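Peer 1: I'm passing along my_file.txt; it holds compact mmCIF, C-alpha atoms and all ligand atoms.
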```txt
# COMPACT_ATOMS: atom_id res chain seq x y z
CA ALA A 1 3.04 15.39 -0.35
CA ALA A 2 0.47 14.48 -3.01
CA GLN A 3 0.32 11.28 -5.08
CA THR A 4 -2.05 11.82 -8.01
CA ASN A 5 -4.15 8.99 -9.42
CA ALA A 6 -3.53 6.94 -6.31
CA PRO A 7 -5.37 3.71 -5.55
CA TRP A 8 -8.75 4.63 -4.10
CA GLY A 9 -7.88 3.25 -0.67
CA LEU A 10 -4.84 5.47 -0.29
CA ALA A 11 -6.91 8.51 -1.33
CA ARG A 12 -9.60 7.42 1.12
CA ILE A 13 -7.26 7.25 4.11
CA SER A 14 -6.24 10.89 3.64
CA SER A 15 -9.75 12.24 2.94
CA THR A 16 -12.80 13.28 4.87
CA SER A 17 -14.88 12.18 1.86
CA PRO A 18 -15.11 9.24 -0.54
CA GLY A 19 -14.72 9.78 -4.26
CA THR A 20 -11.29 11.38 -4.58
CA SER A 21 -8.13 9.99 -6.16
CA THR A 22 -5.14 11.85 -4.68
CA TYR A 23 -3.29 10.55 -1.60
CA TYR A 24 -1.95 13.27 0.73
CA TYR A 25 0.63 12.49 3.37
CA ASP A 26 3.58 13.90 5.26
CA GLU A 27 6.82 13.29 3.35
CA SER A 28 8.39 11.55 6.36
CA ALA A 29 6.36 8.59 5.02
CA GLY A 30 7.14 6.16 7.84
CA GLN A 31 10.91 6.50 7.53
CA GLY A 32 12.64 4.97 10.56
CA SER A 33 9.71 2.63 11.30
CA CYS A 34 9.46 -1.08 10.55
CA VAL A 35 6.52 -3.23 9.53
CA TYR A 36 6.58 -7.02 9.70
CA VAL A 37 4.23 -8.66 7.20
CA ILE A 38 3.45 -12.11 8.61
CA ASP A 39 2.05 -13.92 5.58
CA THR A 40 3.10 -15.93 2.49
CA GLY A 41 6.33 -13.92 2.10
CA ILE A 42 7.28 -10.81 0.15
CA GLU A 43 8.83 -10.60 -3.31
CA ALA A 44 11.50 -8.20 -2.09
CA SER A 45 12.99 -7.80 -5.58
CA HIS A 46 9.83 -6.07 -6.82
CA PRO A 47 10.84 -2.59 -8.06
CA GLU A 48 7.96 -1.17 -6.02
CA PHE A 49 9.81 -1.95 -2.76
CA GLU A 50 12.96 -0.01 -3.74
CA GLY A 51 15.25 -2.23 -1.63
CA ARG A 52 13.23 -1.49 1.54
CA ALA A 53 11.80 -5.03 1.79
CA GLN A 54 13.54 -8.19 2.91
CA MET A 55 12.63 -11.65 4.05
CA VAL A 56 13.76 -12.36 7.60
CA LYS A 57 12.14 -15.75 8.37
CA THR A 58 10.45 -18.71 6.75
CA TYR A 59 9.13 -22.01 8.10
CA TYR A 60 9.09 -23.65 4.63
CA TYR A 61 11.58 -24.72 1.93
CA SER A 62 11.83 -21.19 0.61
CA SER A 63 11.34 -17.65 1.80
CA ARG A 64 9.95 -16.80 -1.68
CA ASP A 65 6.32 -15.70 -1.93
CA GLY A 66 4.98 -18.32 -4.32
CA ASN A 67 1.41 -17.12 -3.76
CA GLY A 68 1.21 -13.33 -4.08
CA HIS A 69 -0.97 -12.57 -1.05
CA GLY A 70 1.91 -11.47 1.20
CA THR A 71 3.46 -9.39 -1.57
CA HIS A 72 0.10 -7.64 -2.11
CA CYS A 73 -0.30 -6.87 1.60
CA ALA A 74 3.31 -5.65 1.86
CA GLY A 75 2.66 -3.39 -1.11
CA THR A 76 -0.27 -1.76 0.64
CA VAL A 77 1.88 -1.18 3.72
CA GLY A 78 4.91 0.29 2.03
CA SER A 79 5.34 0.14 -1.75
CA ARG A 80 6.22 3.35 -3.55
CA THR A 81 2.99 3.50 -5.58
CA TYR A 82 0.55 1.29 -3.66
CA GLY A 83 1.68 1.87 -0.08
CA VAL A 84 0.56 3.98 2.84
CA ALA A 85 4.02 4.37 4.44
CA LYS A 86 6.26 4.76 1.41
CA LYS A 87 9.60 4.90 3.30
CA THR A 88 9.08 2.23 5.96
CA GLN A 89 11.24 -0.88 6.22
CA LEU A 90 9.35 -4.07 5.40
CA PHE A 91 10.25 -7.42 6.94
CA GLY A 92 8.68 -10.63 5.65
CA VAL A 93 7.89 -13.59 7.91
CA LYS A 94 6.59 -16.54 5.88
CA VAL A 95 4.18 -18.42 8.14
CA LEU A 96 1.83 -19.29 5.26
CA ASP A 97 2.73 -21.73 2.53
CA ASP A 98 2.37 -21.00 -1.19
CA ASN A 99 -1.25 -22.13 -1.06
CA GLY A 100 -1.94 -19.44 1.57
CA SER A 101 -2.34 -21.97 4.39
CA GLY A 102 -0.51 -22.33 7.70
CA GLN A 103 -0.75 -24.30 10.89
CA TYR A 104 -1.56 -22.29 13.99
CA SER A 105 1.63 -23.61 15.62
CA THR A 106 3.66 -22.00 12.81
CA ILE A 107 1.70 -18.75 13.00
CA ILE A 108 2.31 -18.60 16.78
CA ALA A 109 6.03 -19.22 16.29
CA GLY A 110 6.09 -16.41 13.72
CA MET A 111 4.52 -13.96 16.16
CA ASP A 112 7.01 -14.95 18.86
CA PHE A 113 9.72 -14.54 16.29
CA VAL A 114 8.75 -10.94 15.54
CA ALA A 115 8.60 -10.02 19.23
CA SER A 116 12.25 -11.05 19.55
CA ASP A 117 13.55 -10.22 16.08
CA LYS A 118 12.65 -6.55 16.38
CA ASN A 119 15.61 -6.37 18.82
CA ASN A 120 17.84 -7.26 15.85
CA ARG A 121 16.52 -4.42 13.69
CA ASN A 122 16.81 -0.65 13.57
CA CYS A 123 13.34 0.80 14.01
CA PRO A 124 13.84 4.03 15.99
CA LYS A 125 10.31 5.25 15.19
CA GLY A 126 8.68 1.95 16.21
CA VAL A 127 7.53 -1.45 15.07
CA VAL A 128 4.28 -2.71 13.53
CA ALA A 129 3.13 -6.22 12.58
CA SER A 130 0.45 -6.87 9.96
CA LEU A 131 -1.43 -10.20 10.10
CA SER A 132 -3.72 -10.68 7.13
CA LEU A 133 -4.69 -14.17 8.21
CA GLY A 134 -6.86 -16.10 10.58
CA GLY A 135 -9.06 -19.08 11.29
CA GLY A 136 -11.36 -20.32 14.02
CA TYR A 137 -11.13 -19.19 17.63
CA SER A 138 -7.94 -20.24 19.40
CA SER A 139 -6.89 -18.96 22.80
CA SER A 140 -3.28 -19.86 21.96
CA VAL A 141 -3.28 -17.83 18.75
CA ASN A 142 -4.91 -14.89 20.58
CA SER A 143 -2.36 -15.13 23.37
CA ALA A 144 0.51 -15.04 20.86
CA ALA A 145 -0.95 -11.89 19.31
CA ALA A 146 -1.38 -10.39 22.79
CA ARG A 147 2.26 -11.13 23.62
CA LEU A 148 3.48 -9.57 20.40
CA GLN A 149 1.47 -6.42 21.18
CA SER A 150 2.64 -6.39 24.83
CA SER A 151 6.26 -6.60 23.63
CA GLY A 152 5.96 -3.17 22.00
CA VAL A 153 4.69 -3.94 18.50
CA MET A 154 1.58 -2.37 17.00
CA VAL A 155 -0.33 -5.49 15.94
CA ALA A 156 -2.97 -5.09 13.21
CA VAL A 157 -5.03 -8.17 12.32
CA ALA A 158 -7.72 -8.93 9.76
CA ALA A 159 -11.27 -9.27 11.08
CA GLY A 160 -11.97 -12.06 8.60
CA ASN A 161 -14.13 -12.54 5.53
CA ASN A 162 -17.09 -14.53 6.90
CA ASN A 163 -19.70 -11.72 7.09
CA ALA A 164 -19.97 -12.80 10.72
CA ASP A 165 -19.05 -11.72 14.24
CA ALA A 166 -15.25 -11.70 14.57
CA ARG A 167 -15.61 -13.07 18.14
CA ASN A 168 -15.31 -16.56 16.65
CA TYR A 169 -12.07 -16.04 14.74
CA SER A 170 -8.40 -15.69 15.68
CA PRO A 171 -6.35 -13.59 15.99
CA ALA A 172 -9.27 -11.23 15.14
CA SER A 173 -10.92 -11.85 18.50
CA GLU A 174 -7.90 -10.95 20.64
CA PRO A 175 -9.04 -7.72 22.33
CA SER A 176 -5.62 -6.14 22.82
CA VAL A 177 -4.62 -5.95 19.13
CA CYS A 178 -6.08 -3.78 16.36
CA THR A 179 -8.82 -5.73 14.58
CA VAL A 180 -9.55 -4.36 11.12
CA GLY A 181 -12.73 -4.61 9.05
CA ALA A 182 -13.07 -3.79 5.35
CA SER A 183 -14.92 -1.08 3.43
CA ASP A 184 -15.45 -0.30 -0.24
CA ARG A 185 -14.98 2.82 -2.36
CA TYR A 186 -18.55 3.97 -1.69
CA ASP A 187 -18.07 3.77 2.09
CA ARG A 188 -20.07 0.57 2.43
CA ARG A 189 -19.01 -2.24 4.71
CA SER A 190 -17.43 -4.77 2.35
CA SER A 191 -19.88 -7.58 1.66
CA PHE A 192 -17.61 -10.21 3.22
CA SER A 193 -16.28 -8.20 6.15
CA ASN A 194 -16.65 -9.55 9.63
CA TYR A 195 -18.05 -7.20 12.27
CA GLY A 196 -18.77 -7.12 15.99
CA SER A 197 -17.72 -5.45 19.20
CA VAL A 198 -14.10 -6.58 18.85
CA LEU A 199 -13.49 -4.56 15.68
CA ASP A 200 -11.40 -1.45 16.33
CA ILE A 201 -11.43 0.16 12.89
CA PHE A 202 -12.27 -0.23 9.21
CA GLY A 203 -9.94 0.27 6.28
CA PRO A 204 -10.22 0.00 2.49
CA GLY A 205 -10.61 -3.65 1.51
CA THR A 206 -12.66 -4.01 -1.69
CA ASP A 207 -10.85 -3.79 -5.04
CA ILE A 208 -7.42 -2.84 -3.70
CA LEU A 209 -4.62 -2.46 -6.26
CA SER A 210 -1.16 -3.48 -5.03
CA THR A 211 1.98 -5.42 -5.90
CA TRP A 212 1.95 -9.07 -6.95
CA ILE A 213 4.58 -11.70 -7.63
CA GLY A 214 6.45 -11.79 -10.89
CA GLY A 215 7.01 -8.03 -10.63
CA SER A 216 3.33 -7.43 -11.36
CA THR A 217 0.24 -5.76 -9.85
CA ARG A 218 -3.38 -6.72 -9.32
CA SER A 219 -6.55 -5.74 -7.53
CA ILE A 220 -8.02 -8.12 -4.93
CA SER A 221 -10.42 -7.84 -1.99
CA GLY A 222 -10.47 -8.88 1.64
CA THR A 223 -10.00 -7.84 5.23
CA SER A 224 -6.45 -8.91 4.32
CA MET A 225 -6.26 -5.74 2.20
CA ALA A 226 -7.75 -3.46 4.88
CA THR A 227 -5.29 -4.63 7.55
CA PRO A 228 -2.09 -3.34 5.85
CA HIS A 229 -3.72 0.07 5.30
CA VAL A 230 -4.00 0.30 9.09
CA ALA A 231 -0.53 -1.18 9.69
CA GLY A 232 1.00 1.33 7.28
CA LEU A 233 -1.00 4.14 8.84
CA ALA A 234 0.32 3.19 12.28
CA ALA A 235 3.91 3.20 11.03
CA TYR A 236 3.35 6.60 9.40
CA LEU A 237 1.84 8.09 12.57
CA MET A 238 4.59 6.62 14.76
CA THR A 239 7.26 8.20 12.53
CA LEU A 240 5.44 11.52 13.00
CA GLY A 241 5.64 11.02 16.78
CA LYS A 242 1.87 11.30 17.12
CA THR A 243 1.42 7.94 18.83
CA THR A 244 3.23 4.81 19.98
CA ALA A 245 2.97 1.07 19.32
CA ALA A 246 0.91 0.58 22.51
CA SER A 247 -1.46 3.45 21.78
CA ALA A 248 -1.69 3.58 17.96
CA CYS A 249 -4.86 1.54 17.52
CA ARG A 250 -6.68 3.77 20.03
CA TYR A 251 -5.23 6.86 18.37
CA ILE A 252 -6.39 5.67 14.95
CA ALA A 253 -9.88 5.07 16.38
CA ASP A 254 -9.81 8.52 18.07
CA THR A 255 -8.89 10.27 14.84
CA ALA A 256 -10.94 8.17 12.41
CA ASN A 257 -13.69 9.38 10.14
CA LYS A 258 -16.78 8.66 12.22
CA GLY A 259 -20.23 7.63 11.09
CA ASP A 260 -19.52 7.56 7.39
CA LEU A 261 -19.87 3.85 6.60
CA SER A 262 -23.07 2.10 5.61
CA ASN A 263 -24.28 -1.38 6.58
CA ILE A 264 -22.42 -1.32 9.88
CA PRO A 265 -24.39 -3.61 12.23
CA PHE A 266 -25.66 -2.14 15.45
CA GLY A 267 -22.83 -2.50 18.06
CA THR A 268 -19.90 -2.41 15.61
CA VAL A 269 -17.77 0.74 15.43
CA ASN A 270 -18.42 3.09 12.52
CA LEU A 271 -14.83 4.28 12.22
CA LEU A 272 -12.75 4.52 9.03
CA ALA A 273 -8.96 4.90 9.21
CA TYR A 274 -7.86 8.46 8.46
CA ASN A 275 -4.43 10.11 8.58
CA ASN A 276 -5.73 13.62 9.37
CA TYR A 277 -2.94 15.03 7.22
CA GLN A 278 -3.21 18.79 6.76
CA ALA A 279 -0.76 20.60 4.54
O1 LIG B 1 -9.88 3.40 -8.18
SE1 LIG B 1 -8.80 2.22 -8.39
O2 LIG B 1 -8.09 2.40 -9.81
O3 LIG B 1 -9.65 0.83 -8.31
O4 LIG B 1 -7.80 2.24 -7.17
CA CA B 2 15.27 -18.96 -1.08
CA CA B 3 -23.35 -13.55 14.33
CA CA B 4 -8.73 -4.19 19.97
CA CA B 5 -11.30 -1.06 25.70
```
Would it be possible to restate this file's structure as structure tokens?
Ligand SMILES: O=[Se](=O)([O-])[O-]
Ligand SMILES: [Ca+2]
Ligand SMILES: [Ca+2]
Ligand SMILES: [Ca+2]
Ligand SMILES: [Ca+2]

Peer 2:
Amino acid sequence: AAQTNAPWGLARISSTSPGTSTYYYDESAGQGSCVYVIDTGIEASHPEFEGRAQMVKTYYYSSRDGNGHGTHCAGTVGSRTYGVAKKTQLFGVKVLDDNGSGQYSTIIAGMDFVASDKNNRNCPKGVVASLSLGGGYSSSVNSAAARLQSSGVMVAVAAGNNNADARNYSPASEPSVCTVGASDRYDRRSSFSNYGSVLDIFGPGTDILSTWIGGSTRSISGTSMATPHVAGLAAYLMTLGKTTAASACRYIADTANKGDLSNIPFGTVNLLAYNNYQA
């Protein structure tokens, strides 16, 4: 399948070269998979989600996304226009308040929640969790992410936006999950992207168009935007039967575009998420 005039990041994930604008992907499109977006919520009523999104948990007075961040990330996972995996099921877990903030205790509970809640959902092709969030190093937060992964969920987490080594941030620094850095449309490391040995992969993260609250769209930047590209890619590849939740991060690294990013510090992987889709 071909989506013309796609957001650059979608075109990038199905290309061996920067500078194209069509996204190519197998029409299965992540059908039968599920992606949990653990964030500020998801505006499930957005036409872009086509009834495939729903809120399943909140720790606050509403399950509504009063911020936009979670809706944007969910859009990059699975919206019809802005998403990687255009037929996946999206589940929102609101661990961040409408200011985009959340206590680590709440974030941990949300991860635990997903590990169990997947047993209440129909996801025959597998389960992914996307965590576009983080803060300073916490062994408890890392352990929660490790448990979620161990439970059979492909966990993708943002590296962080500190232009620093991700070793000092969580859940970025948990080795067993998929830690995602950000690139731009010219295949440069995004100016803000964290780096380091713990990164597994880069995805598009600068100037990413997606859904926003109030039935709208906007372009924003962050490792938060790169992460859902990788989460959606995992769901897509799992639906194709090419990999599993336990092995998807490694598979994505194996099959990535290699050596094509600039300003990658010595000792950080030079790997850009790629679907290797061949019609
Ligand atoms: O190229 Se675009 O319109 O910023 O995705
Ligand atoms: Ca409500
Ligand atoms: Ca450093
Ligand atoms: Ca890892
Ligand atoms: Ca290893």

Peer 1: Which one of A:279, A:234, A:159, A:209 sits closest to residue 2 of chain A if you count all atoms listed in the file?

Peer 2: A:279

Peer 1: Give me the segment 114-133 of chain A side of the contact with segment 220-229 of chain A, cut-off 7 Å, one line per residue showing its nearest atom pair and distance in Å at one decimal, counting only C-alpha atoms, sorted by chain and residue number, as a tab-separated table.

Peer 2:
```
residue	atom	partner	partner_atom	distance
A:130	CA	A:228	CA	6.0
A:132	CA	A:224	CA	4.3
A:133	CA	A:224	CA	6.8
```

Peer 1: Could you list, with a cut-off of 10 Å and counting only C-alpha atoms and all ligand atoms, the residues of chain A near ligand CA 2 (chain B), each shown with its nearest atom pair and the distance in Å rounded to one decimal, rows sorted by chain and ascending number, as CSV?

Peer 2:
```
residue,atom,partner,partner_atom,distance
A:55,CA,B:CA2,CA,9.3
A:58,CA,B:CA2,CA,9.2
A:60,CA,B:CA2,CA,9.6
A:61,CA,B:CA2,CA,7.5
A:62,CA,B:CA2,CA,4.4
A:63,CA,B:CA2,CA,5.0
A:64,CA,B:CA2,CA,5.8
A:65,CA,B:CA2,CA,9.6
```

Peer 1: What's the separation between atom CA of residue 88 of chain A and atom CA of residue 170 of chain A, in Å to one decimal place?

Peer 2: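 We find that atom CA of residue 88 of chain A and atom CA of residue 170 of chain A lie 26.9 Å from each other.
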
Peer 1: With only C-alpha atoms and all ligand atoms counted, collect every polymer residue having an atom within 6 Å of ligand LIG 1 (chain B); state the result as a PDB file with C-alpha atoms, keeping the file's coordinate frame.

Peer 2:
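Generated file (pocket_27.pdb):
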```pdb
ATOM      1  CA  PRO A   7      -5.370   3.710  -5.550  1.00  0.00           C
ATOM      2  CA  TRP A   8      -8.750   4.630  -4.100  1.00  0.00           C
ATOM      3  CA  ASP A 207     -10.850  -3.790  -5.040  1.00  0.00           C
ATOM      4  CA  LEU A 209      -4.620  -2.460  -6.260  1.00  0.00           C
TER       5      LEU A 209
END
```

Peer 1: Using only C-alpha atoms, collect all residues at a distance of at most 10 Å from (-19.8, 7.4, 6.0) as written in the file, then present them as number ranges by chain.

Peer 2: A: 16-18, 186-189, 257-264, 270-272

Peer 1: Please report the interatomic distance between atom CA of residue 128 of chain A and atom CA of residue 37 of chain A in Å with one decimal.

Peer 2: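 A separation of 8.7 Å between them.
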
Peer 1: Taking all atoms listed in the file and a cut-off of 10 Å, can you tell me which residues surround ligand CA 3 (chain B), written as a PDB file with C-alpha atoms, in the frame of the given file?

Peer 2:
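Everything below was put into result-v1.pdb:
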```pdb
ATOM      1  CA  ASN A 162     -17.090 -14.530   6.900  1.00  0.00           C
ATOM      2  CA  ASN A 163     -19.700 -11.720   7.090  1.00  0.00           C
ATOM      3  CA  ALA A 164     -19.970 -12.800  10.720  1.00  0.00           C
ATOM      4  CA  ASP A 165     -19.050 -11.720  14.240  1.00  0.00           C
ATOM      5  CA  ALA A 166     -15.250 -11.700  14.570  1.00  0.00           C
ATOM      6  CA  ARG A 167     -15.610 -13.070  18.140  1.00  0.00           C
ATOM      7  CA  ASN A 168     -15.310 -16.560  16.650  1.00  0.00           C
ATOM      8  CA  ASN A 194     -16.650  -9.550   9.630  1.00  0.00           C
ATOM      9  CA  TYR A 195     -18.050  -7.200  12.270  1.00  0.00           C
ATOM     10  CA  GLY A 196     -18.770  -7.120  15.990  1.00  0.00           C
TER      11      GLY A 196
END
```

Peer 1: Within 10 Å of segment 114-123 of chain A, counting only C-alpha atoms, which residues show up once you throw out same-chain ones fewer than 6 positions away? Write them as a ChimeraX atom specification, please.

Peer 2: /A:31-38,56-57,88-89,91-93,129,144-145,147-153,239

Peer 1: Ranking A:250, A:15, A:22, A:95 by minimum distance to residue 1 of chain A and counting all atoms listed in the file, which one comes first?

Peer 2: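 Distance minimum relative to residue 1 of chain A lands on A:22.
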
Peer 1: Skip residue 200 of chain A itself and residues of its chain fewer than 4 positions away, then list as an mmCIF file with C-alpha atoms, in the coordinates of the input all residues within 12 Å of it, counting only C-alpha atoms.

Peer 2:
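Output contents, as saved in around29.cif:
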```cif
data_model
loop_
_atom_site.group_PDB
_atom_site.id
_atom_site.type_symbol
_atom_site.label_atom_id
_atom_site.label_comp_id
_atom_site.auth_asym_id
_atom_site.auth_seq_id
_atom_site.Cartn_x
_atom_site.Cartn_y
_atom_site.Cartn_z
ATOM 1 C CA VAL A 155 -0.330 -5.490 15.940
ATOM 2 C CA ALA A 156 -2.970 -5.090 13.210
ATOM 3 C CA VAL A 157 -5.030 -8.170 12.320
ATOM 4 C CA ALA A 158 -7.720 -8.930 9.760
ATOM 5 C CA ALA A 159 -11.270 -9.270 11.080
ATOM 6 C CA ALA A 166 -15.250 -11.700 14.570
ATOM 7 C CA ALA A 172 -9.270 -11.230 15.140
ATOM 8 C CA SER A 173 -10.920 -11.850 18.500
ATOM 9 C CA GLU A 174 -7.900 -10.950 20.640
ATOM 10 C CA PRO A 175 -9.040 -7.720 22.330
ATOM 11 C CA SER A 176 -5.620 -6.140 22.820
ATOM 12 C CA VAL A 177 -4.620 -5.950 19.130
ATOM 13 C CA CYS A 178 -6.080 -3.780 16.360
ATOM 14 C CA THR A 179 -8.820 -5.730 14.580
ATOM 15 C CA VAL A 180 -9.550 -4.360 11.120
ATOM 16 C CA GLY A 181 -12.730 -4.610 9.050
ATOM 17 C CA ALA A 182 -13.070 -3.790 5.350
ATOM 18 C CA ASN A 194 -16.650 -9.550 9.630
ATOM 19 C CA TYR A 195 -18.050 -7.200 12.270
ATOM 20 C CA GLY A 196 -18.770 -7.120 15.990
ATOM 21 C CA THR A 227 -5.290 -4.630 7.550
ATOM 22 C CA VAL A 230 -4.000 0.300 9.090
ATOM 23 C CA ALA A 248 -1.690 3.580 17.960
ATOM 24 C CA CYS A 249 -4.860 1.540 17.520
ATOM 25 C CA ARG A 250 -6.680 3.770 20.030
ATOM 26 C CA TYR A 251 -5.230 6.860 18.370
ATOM 27 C CA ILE A 252 -6.390 5.670 14.950
ATOM 28 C CA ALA A 253 -9.880 5.070 16.380
ATOM 29 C CA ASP A 254 -9.810 8.520 18.070
ATOM 30 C CA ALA A 256 -10.940 8.170 12.410
ATOM 31 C CA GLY A 267 -22.830 -2.500 18.060
ATOM 32 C CA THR A 268 -19.900 -2.410 15.610
ATOM 33 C CA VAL A 269 -17.770 0.740 15.430
ATOM 34 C CA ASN A 270 -18.420 3.090 12.520
ATOM 35 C CA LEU A 271 -14.830 4.280 12.220
ATOM 36 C CA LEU A 272 -12.750 4.520 9.030
ATOM 37 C CA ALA A 273 -8.960 4.900 9.210
#
```

Peer 1: Excluding segment 40-48 of chain A and its own-chain neighbours fewer than 3 positions away, which residues fall within 8 Å of it when counting only C-alpha atoms? Please give them as an MDAnalysis selection string.

Peer 2: chainID A and resid 37 51:55 58 63:71 74:75 79:81 92:98 100 211:215

Peer 1: Atom CA of residue 233 of chain A and atom CA of residue 20 of chain A, how far apart in Å?

Peer 2: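 So the two atoms, atom CA of residue 20 of chain A and atom CA of residue 233 of chain A, lie 18.4 Å apart.
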
Peer 1: From the list A:23, A:82, A:202, A:113, which residue is nearest residue 218 of chain A when using only C-alpha atoms?

Peer 2: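 Closest residue, counting only C-alpha atoms: A:82.
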
Peer 1: Point out the residue among A:12, A:240, A:199, A:210 with the least atom-to-atom distance to ligand CA 5 (chain B), counting only C-alpha atoms and all ligand atoms.

Peer 2: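 Closest residue, counting only C-alpha atoms and all ligand atoms: A:199.
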
Peer 1: Measuring atom to atom with all atoms listed in the file, identify which of A:161, A:103, A:217, A:247 is nearest to ligand CA 4 (chain B).

Peer 2: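 Of A:161, A:103, A:217, A:247, the one nearest ligand CA 4 (chain B), counting all atoms listed in the file, is A:247.
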
Peer 1: Between A:29, A:169, A:110, A:102, single out the one closest to residue 138 of chain A, counting only C-alpha atoms.

Peer 2: A:169

Peer 1: Can you patch up segment 203-216 of chain A, filling it in to N, CA, C and O atoms, and show the result as a short mmCIF file (atom, residue, chain, number, x, y, z; two decimals), in the coordinates of the input?

Peer 2:
```
data_model
loop_
_atom_site.label_atom_id
_atom_site.label_comp_id
_atom_site.auth_asym_id
_atom_site.auth_seq_id
_atom_site.Cartn_x
_atom_site.Cartn_y
_atom_site.Cartn_z
N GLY A 203 -10.78 -0.29 7.32
CA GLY A 203 -9.94 0.27 6.28
C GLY A 203 -10.39 -0.21 4.91
O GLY A 203 -11.18 -1.15 4.80
N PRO A 204 -9.88 0.42 3.85
CA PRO A 204 -10.22 0.00 2.49
C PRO A 204 -9.87 -1.46 2.22
O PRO A 204 -8.72 -1.86 2.40
N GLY A 205 -10.84 -2.24 1.77
CA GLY A 205 -10.61 -3.65 1.51
C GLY A 205 -11.23 -4.26 0.27
O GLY A 205 -10.94 -5.40 -0.04
N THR A 206 -12.06 -3.52 -0.45
CA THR A 206 -12.66 -4.01 -1.69
C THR A 206 -11.97 -3.37 -2.89
O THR A 206 -11.88 -2.15 -2.98
N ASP A 207 -11.47 -4.22 -3.79
CA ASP A 207 -10.85 -3.79 -5.04
C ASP A 207 -9.62 -2.91 -4.79
O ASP A 207 -9.56 -1.77 -5.20
N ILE A 208 -8.65 -3.50 -4.10
CA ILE A 208 -7.42 -2.84 -3.70
C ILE A 208 -6.27 -3.25 -4.62
O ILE A 208 -5.86 -4.42 -4.65
N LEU A 209 -5.76 -2.27 -5.37
CA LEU A 209 -4.62 -2.46 -6.26
C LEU A 209 -3.32 -2.43 -5.45
O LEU A 209 -3.09 -1.50 -4.67
N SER A 210 -2.46 -3.42 -5.67
CA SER A 210 -1.16 -3.48 -5.03
C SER A 210 -0.23 -4.38 -5.85
O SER A 210 -0.59 -4.85 -6.94
N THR A 211 0.98 -4.56 -5.33
CA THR A 211 1.98 -5.42 -5.90
C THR A 211 1.55 -6.89 -5.91
O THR A 211 0.77 -7.35 -5.07
N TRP A 212 2.12 -7.62 -6.86
CA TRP A 212 1.95 -9.07 -6.95
C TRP A 212 3.27 -9.67 -7.39
O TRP A 212 4.19 -8.97 -7.85
N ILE A 213 3.38 -10.98 -7.26
CA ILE A 213 4.58 -11.70 -7.63
C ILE A 213 4.80 -11.68 -9.14
O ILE A 213 3.90 -11.37 -9.94
N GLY A 214 6.03 -11.97 -9.52
CA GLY A 214 6.45 -11.79 -10.89
C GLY A 214 6.56 -10.33 -11.30
O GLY A 214 6.43 -10.00 -12.47
N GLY A 215 6.81 -9.44 -10.33
CA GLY A 215 7.01 -8.03 -10.63
C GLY A 215 5.77 -7.36 -11.18
O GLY A 215 5.86 -6.41 -11.94
N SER A 216 4.59 -7.84 -10.76
CA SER A 216 3.33 -7.43 -11.36
C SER A 216 2.47 -6.64 -10.36
O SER A 216 2.94 -6.25 -9.28
#
```
